[PDB]
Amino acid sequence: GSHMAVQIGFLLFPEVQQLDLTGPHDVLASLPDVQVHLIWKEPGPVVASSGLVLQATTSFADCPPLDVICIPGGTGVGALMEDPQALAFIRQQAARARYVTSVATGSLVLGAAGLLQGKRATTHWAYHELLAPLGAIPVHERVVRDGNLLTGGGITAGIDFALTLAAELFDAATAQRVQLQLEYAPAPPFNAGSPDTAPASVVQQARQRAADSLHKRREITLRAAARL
């Protein structure tokens, strides 16, 4: 549909990991035929896990029908997995969206909404055991695609799959041009973004420090699965 706008919506919730959202937001908002939304129960300030304040732009009720929905992750996912209004919104939008996507533990929210049953998916590495009880077929890849579902565990996975989205919504030339326009050329100085590549001591520390969060998130996950 040429210059018909593509409506792209990010769920913006308390204690979101903001970079999960702000990366794909800035990539996709650089496209002339995209209209991005930051969605919560009402417009207004929403505090990210770091204390950085974002502003939601639309309520659930006023959000237009989305062509792309994206659920970020972060600490705030635990509450969101048992928020019936938010889960109903997500389900409603996902029913007609061209693409359904998530970053990090945002896929656990998709799971809680019933959208991963029998689907290949990933999540943040520390929480990957929580995919199967939500019906997912867990896959360890940076971005996992199953039909129109795209999930990625890493904090910037949405930047990467945003380029895939741009290519399919528009054309490869449009995705490459956004990459060049923004000069997205990552080159980390360390190779510790996976438990399979970080030093053993670093993995040990991260695993130990995440244990209480995983324990609670499992309890939440089992209730969410029971409701499905």
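When you see a residue number, it is the position in the sequence shown, counting from 1.
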- Of 119 to 127 and 77 to 85, which one has the bigger average CA B-factor? 77 to 85
- Give the stretch, out of 60 to 68 and 157 to 165, with the larger mean C-alpha temperature factor in the deposited entry. 60 to 68
- Per the PDB entry, which option out of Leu182, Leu52, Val203, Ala175 has the greatest Cα B factor? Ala175
- Once the chain's modelled residues are ordered by C-alpha B factor and cut into thirds, is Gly152 in the lowest, middle or highest one? lowest
- Task: Taking the chain's C-alpha temperature factors as the reference, tell me which third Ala113 falls into: lowest, middle or highest.
- Result: middle
- Message: How does the C-alpha B factor of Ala94 compare with the rest of the chain: lowest, middle or highest third?
- Response: highest
- Query: Among the chain's modelled residues, which third holds the C-alpha B-factor of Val46?
  - Reply: middle
- Note on the structure: The third of the chain into which the C-alpha temperature factor of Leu28 falls is the middle
